[PDB]
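J.: My file is model-v2.pdb. It has PDB, C-alpha atoms:
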ATOM      1  CA  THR A   1     109.578 124.235 103.211  1.00  0.00           C
ATOM      2  CA  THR A   2     109.213 125.642 106.723  1.00  0.00           C
ATOM      3  CA  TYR A   3     111.208 122.841 108.345  1.00  0.00           C
ATOM      4  CA  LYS A   4     113.626 123.018 105.417  1.00  0.00           C
ATOM      5  CA  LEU A   5     114.378 126.690 106.054  1.00  0.00           C
ATOM      6  CA  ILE A   6     114.693 126.498 109.838  1.00  0.00           C
ATOM      7  CA  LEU A   7     117.089 123.927 111.285  1.00  0.00           C
ATOM      8  CA  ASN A   8     115.350 124.194 114.655  1.00  0.00           C
ATOM      9  CA  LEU A   9     112.225 122.933 112.895  1.00  0.00           C
ATOM     10  CA  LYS A  10     114.177 120.441 110.795  1.00  0.00           C
ATOM     11  CA  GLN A  11     114.690 118.494 114.020  1.00  0.00           C
ATOM     12  CA  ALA A  12     110.931 117.928 114.077  1.00  0.00           C
ATOM     13  CA  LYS A  13     110.933 115.576 111.090  1.00  0.00           C
ATOM     14  CA  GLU A  14     114.070 113.923 112.464  1.00  0.00           C
ATOM     15  CA  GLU A  15     112.309 113.012 115.705  1.00  0.00           C
ATOM     16  CA  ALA A  16     109.266 111.997 113.664  1.00  0.00           C
ATOM     17  CA  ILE A  17     111.239 109.508 111.576  1.00  0.00           C
ATOM     18  CA  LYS A  18     113.070 108.494 114.746  1.00  0.00           C
ATOM     19  CA  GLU A  19     109.825 107.312 116.335  1.00  0.00           C
ATOM     20  CA  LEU A  20     108.846 105.549 113.111  1.00  0.00           C
ATOM     21  CA  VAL A  21     112.155 103.751 112.583  1.00  0.00           C
ATOM     22  CA  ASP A  22     112.167 102.812 116.264  1.00  0.00           C
ATOM     23  CA  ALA A  23     108.615 101.493 115.954  1.00  0.00           C
ATOM     24  CA  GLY A  24     109.714  99.584 112.855  1.00  0.00           C
ATOM     25  CA  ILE A  25     107.245 101.379 110.589  1.00  0.00           C
ATOM     26  CA  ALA A  26     109.197 101.529 107.330  1.00  0.00           C
ATOM     27  CA  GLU A  27     106.154 102.287 105.183  1.00  0.00           C
ATOM     28  CA  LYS A  28     105.490 105.597 106.928  1.00  0.00           C
ATOM     29  CA  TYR A  29     109.171 106.207 107.649  1.00  0.00           C
ATOM     30  CA  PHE A  30     109.677 106.611 103.903  1.00  0.00           C
ATOM     31  CA  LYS A  31     106.221 107.857 102.941  1.00  0.00           C
ATOM     32  CA  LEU A  32     104.478 109.682 105.772  1.00  0.00           C
ATOM     33  CA  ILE A  33     107.146 112.158 106.852  1.00  0.00           C
ATOM     34  CA  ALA A  34     108.611 112.524 103.364  1.00  0.00           C
ATOM     35  CA  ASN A  35     105.214 113.901 102.354  1.00  0.00           C
ATOM     36  CA  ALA A  36     105.536 116.738 104.863  1.00  0.00           C
ATOM     37  CA  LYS A  37     105.162 120.289 103.557  1.00  0.00           C
ATOM     38  CA  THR A  38     105.508 122.303 106.762  1.00  0.00           C
ATOM     39  CA  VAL A  39     106.716 121.647 110.305  1.00  0.00           C
ATOM     40  CA  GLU A  40     103.034 121.780 111.233  1.00  0.00           C
ATOM     41  CA  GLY A  41     102.455 119.045 108.669  1.00  0.00           C
ATOM     42  CA  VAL A  42     105.194 117.144 110.495  1.00  0.00           C
ATOM     43  CA  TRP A  43     103.516 117.862 113.831  1.00  0.00           C
ATOM     44  CA  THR A  44     100.300 116.489 112.350  1.00  0.00           C
ATOM     45  CA  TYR A  45     102.187 113.383 111.236  1.00  0.00           C
ATOM     46  CA  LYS A  46     103.616 113.119 114.750  1.00  0.00           C
ATOM     47  CA  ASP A  47     100.134 112.210 115.970  1.00  0.00           C
ATOM     48  CA  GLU A  48      99.744 109.871 112.997  1.00  0.00           C
ATOM     49  CA  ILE A  49     102.924 108.077 114.057  1.00  0.00           C
ATOM     50  CA  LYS A  50     101.297 107.109 117.352  1.00  0.00           C
ATOM     51  CA  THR A  51      98.218 106.088 115.371  1.00  0.00           C
ATOM     52  CA  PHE A  52     100.327 103.749 113.244  1.00  0.00           C
ATOM     53  CA  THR A  53     102.405 102.605 116.216  1.00  0.00           C
ATOM     54  CA  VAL A  54      99.380 101.403 118.180  1.00  0.00           C
ATOM     55  CA  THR A  55      97.910  98.338 116.478  1.00  0.00           C
ATOM     56  CA  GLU A  56      96.544  96.469 119.495  1.00  0.00           C
TER      57      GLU A  56
END
Please re-express this file's structure in structure tokens.

T.:
Amino acid sequence: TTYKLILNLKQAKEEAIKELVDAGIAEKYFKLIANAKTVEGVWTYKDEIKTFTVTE
């Protein structure tokens, strides 16, 4: 909701899915960020993106 109400915070999920789609992580691209409730939830997922990006 938060990031849905404020366009300045909407950009958060956009950068989040940017990192995912650049990393080639479709699973989380569609699931992880789509399951965001707030921009803080997105910011939490931001760290998760790096977790899913690093596999080695």

J.: For the PyMOL selection byres ((chain A and resi 47-49) around 8), applied here, can you spell out every residue it catches as a PDB file with C-alpha atoms, keeping the file's coordinate frame?

T.:
ATOM      1  CA  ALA A  16     109.266 111.997 113.664  1.00  0.00           C
ATOM      2  CA  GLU A  19     109.825 107.312 116.335  1.00  0.00           C
ATOM      3  CA  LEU A  20     108.846 105.549 113.111  1.00  0.00           C
ATOM      4  CA  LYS A  28     105.490 105.597 106.928  1.00  0.00           C
ATOM      5  CA  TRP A  43     103.516 117.862 113.831  1.00  0.00           C
ATOM      6  CA  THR A  44     100.300 116.489 112.350  1.00  0.00           C
ATOM      7  CA  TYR A  45     102.187 113.383 111.236  1.00  0.00           C
ATOM      8  CA  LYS A  46     103.616 113.119 114.750  1.00  0.00           C
ATOM      9  CA  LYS A  50     101.297 107.109 117.352  1.00  0.00           C
ATOM     10  CA  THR A  51      98.218 106.088 115.371  1.00  0.00           C
ATOM     11  CA  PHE A  52     100.327 103.749 113.244  1.00  0.00           C
ATOM     12  CA  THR A  53     102.405 102.605 116.216  1.00  0.00           C
TER      13      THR A  53
END

J.: Figure out the distance between CA of residue 56 (chain A) and CA of residue 35 (chain A), please, to one decimal in Å.

T.: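 Separating CA of residue 35 (chain A) from CA of residue 56 (chain A) is a distance of 25.9 Å.
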
J.: Which centre and which edge lengths, in Å to one decimal, describe the axis-aligned box that holds all listed atoms of region 49-53 of chain A after 3 Å is added on each side, as AutoDock Vina command-line options?

T.:
--center_x 100.6 --center_y 105.3 --center_z 115.3 --size_x 10.7 --size_y 11.5 --size_z 10.1

J.: For residue 41 (chain A), which residue out of A:12, A:27, A:17, A:55 is the nearest one, using all atoms listed in the file?

T.: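 Closest candidate: A:12.
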
J.: Interatomic distance between CA of residue 1 (chain A) and CA of residue 39 (chain A)?

T.: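 Answer for the CA of residue 1 (chain A) to CA of residue 39 (chain A) separation: 8.1 Å.
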
J.: Would you compute the distance between CA of residue 5 (chain A) and CA of residue 23 (chain A)? Give it in Å to one decimal.

T.: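 The value is 27.7 Å.
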
J.: Please list, as a VMD selection string, the residues that have an atom at most 6 Å away from (107.7, 122.1, 108.6) in the coordinates of this file, counting all atoms listed in the file.

T.: chain A and resid 2 to 3 37 to 40 42

J.: Starting from the incomplete input, reconstruct N, CA and C atoms of region 2-16 of chain A and write that as a PDB file, keeping the file's coordinate frame.

T.:
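Saved to part12.pdb:
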ATOM      1  N   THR A   2     108.983 125.013 105.428  1.00  0.00           N
ATOM      2  CA  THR A   2     109.213 125.642 106.723  1.00  0.00           C
ATOM      3  C   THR A   2     110.332 124.943 107.484  1.00  0.00           C
ATOM      4  N   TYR A   3     110.220 123.626 107.614  1.00  0.00           N
ATOM      5  CA  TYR A   3     111.208 122.841 108.345  1.00  0.00           C
ATOM      6  C   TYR A   3     112.505 122.717 107.558  1.00  0.00           C
ATOM      7  N   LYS A   4     112.444 123.044 106.271  1.00  0.00           N
ATOM      8  CA  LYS A   4     113.626 123.018 105.417  1.00  0.00           C
ATOM      9  C   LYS A   4     114.422 124.310 105.539  1.00  0.00           C
ATOM     10  N   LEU A   5     113.746 125.381 105.942  1.00  0.00           N
ATOM     11  CA  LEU A   5     114.378 126.690 106.054  1.00  0.00           C
ATOM     12  C   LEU A   5     114.943 126.908 107.452  1.00  0.00           C
ATOM     13  N   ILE A   6     114.288 126.324 108.448  1.00  0.00           N
ATOM     14  CA  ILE A   6     114.693 126.498 109.838  1.00  0.00           C
ATOM     15  C   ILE A   6     115.188 125.187 110.436  1.00  0.00           C
ATOM     16  N   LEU A   7     116.467 125.149 110.793  1.00  0.00           N
ATOM     17  CA  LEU A   7     117.089 123.927 111.285  1.00  0.00           C
ATOM     18  C   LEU A   7     116.484 123.498 112.616  1.00  0.00           C
ATOM     19  N   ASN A   8     116.022 124.472 113.392  1.00  0.00           N
ATOM     20  CA  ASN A   8     115.350 124.194 114.655  1.00  0.00           C
ATOM     21  C   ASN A   8     114.045 123.441 114.430  1.00  0.00           C
ATOM     22  N   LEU A   9     113.455 123.629 113.254  1.00  0.00           N
ATOM     23  CA  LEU A   9     112.225 122.933 112.895  1.00  0.00           C
ATOM     24  C   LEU A   9     112.519 121.685 112.070  1.00  0.00           C
ATOM     25  N   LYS A  10     113.709 121.638 111.482  1.00  0.00           N
ATOM     26  CA  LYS A  10     114.177 120.441 110.795  1.00  0.00           C
ATOM     27  C   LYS A  10     114.261 119.256 111.747  1.00  0.00           C
ATOM     28  N   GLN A  11     114.566 119.538 113.010  1.00  0.00           N
ATOM     29  CA  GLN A  11     114.690 118.494 114.020  1.00  0.00           C
ATOM     30  C   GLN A  11     113.355 117.801 114.263  1.00  0.00           C
ATOM     31  N   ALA A  12     112.270 118.473 113.892  1.00  0.00           N
ATOM     32  CA  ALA A  12     110.931 117.928 114.077  1.00  0.00           C
ATOM     33  C   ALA A  12     110.737 116.654 113.264  1.00  0.00           C
ATOM     34  N   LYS A  13     111.068 116.724 111.979  1.00  0.00           N
ATOM     35  CA  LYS A  13     110.933 115.576 111.090  1.00  0.00           C
ATOM     36  C   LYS A  13     111.926 114.479 111.454  1.00  0.00           C
ATOM     37  N   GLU A  14     113.044 114.875 112.053  1.00  0.00           N
ATOM     38  CA  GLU A  14     114.070 113.923 112.464  1.00  0.00           C
ATOM     39  C   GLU A  14     113.601 113.081 113.641  1.00  0.00           C
ATOM     40  N   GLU A  15     112.922 113.721 114.588  1.00  0.00           N
ATOM     41  CA  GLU A  15     112.309 113.012 115.705  1.00  0.00           C
ATOM     42  C   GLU A  15     111.105 112.199 115.246  1.00  0.00           C
ATOM     43  N   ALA A  16     110.414 112.699 114.228  1.00  0.00           N
ATOM     44  CA  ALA A  16     109.266 111.997 113.664  1.00  0.00           C
ATOM     45  C   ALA A  16     109.681 110.671 113.040  1.00  0.00           C
TER      46      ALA A  16
END
